[PDB]
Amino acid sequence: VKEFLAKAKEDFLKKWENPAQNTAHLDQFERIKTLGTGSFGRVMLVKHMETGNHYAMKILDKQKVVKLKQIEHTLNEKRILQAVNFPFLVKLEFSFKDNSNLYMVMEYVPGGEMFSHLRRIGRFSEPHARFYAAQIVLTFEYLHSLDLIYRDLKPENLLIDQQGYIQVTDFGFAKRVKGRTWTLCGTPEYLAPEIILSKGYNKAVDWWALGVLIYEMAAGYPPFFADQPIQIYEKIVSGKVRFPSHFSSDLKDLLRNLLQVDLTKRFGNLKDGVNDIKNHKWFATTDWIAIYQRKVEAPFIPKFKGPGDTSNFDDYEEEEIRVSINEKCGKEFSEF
């Protein structure tokens, strides 16, 4: 492990210090359908004319990014994504920008969001949840070794590929930090107490988020929920967590250590780091090497009608992409 990560870091660093830029152009892609939306943009299924390959193109409105004060976060996102390389991280194939928008073209993951499947099915079995969780554990181990904090783990950001494996998407809040950081960001249900309490925090927030994810996958609902975020925040910092009767004792124990309000006791943040999670009883049947190599059989393989199929995604209202005649926010995104 240690040796693998060392070489991974060498590869990452070379790209981190000399990021790829302007590797394609809008006109090289055929826009097909919207697969998701956001505050400052959308993600569309596109077809690369020259290769016939399908990709997911994330379009960010520069003016909207600026209004929401997400310039640095957006620069972080592209700089980090173009530099990482892990089997469970979506690949950034191309990136460019025009007068109005920023574009990030990534590998298309046809199976749809875990969110969709989890909500439809209700809840995942422990072996099913364990399969996905293992992939997140390895991914965070990879990301953290690179001094990267992810900060946006949730079913909505995890896509299922053709082999039933996970693809982590959305690096909008990812940041390379060696010390502590203070930005209030993430999703209500997944925010660690440190974040809510406005104090400096670190990679430990990702491990708390993992606890929330595992709980939600196995229960079908998050450990902390309410109709308004403030009420959710009150539950998170309270230090109280109730588990469904069907949760195994091993799962409950893992979750109590993951959803630990006390940082000096939260799994993933102790002196043994990720090993305290990897070696936990709940993960006893998990072969970490096999997971990384994708040789473990997936509990669920999505249905497909062919290339470019979007049946595993919801329908979103389409909107024309207008590129202004004038350059917008050029200096703010010069390094993109």
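Numbers for residues come from their place in the sequence shown, where the first is 1.
query = Out of 201-209 and 231-239, which one has CA B-factors that are higher on average in the deposited record?
reply = Going by the record's values, the stretch with the higher mean is 231-239.
query = What stretch has the higher average Cα B-factor here, 182-190 or 258-266?
reply = Higher mean C-alpha B-factor in the PDB entry: 258-266.
Residue, from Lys58, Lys295, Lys47, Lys64, that the PDB entry assigns the highest Cα B-factor = It is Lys295.
key: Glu93 - which third its CA temperature factor falls in, relative to the rest of the chain   = For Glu93, whose C-alpha B-factor we compare with every modelled residue in the chain, the answer is the middle third.
message = Ranking every modelled residue in this chain by its Cα temperature factor as given in the entry, which third contains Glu216?
response = For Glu216, whose C-alpha B-factor we compare with every modelled residue in the chain, the answer is the lowest third.
ask   = Taking the C-alpha B-factors as the PDB entry records them, is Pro87 in the lowest, middle or highest third of its chain?
value = Answer is middle: the recorded C-alpha B-factor places it there.
key: B-factor third for the C-alpha atom of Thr74 within its chain   = It belongs to the lowest third of the chain when residues are ordered by C-alpha B-factor.
key: CA B-factor ranking of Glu156, expressed as a third of its chain   = Tercile = lowest for this residue's CA B-factor.
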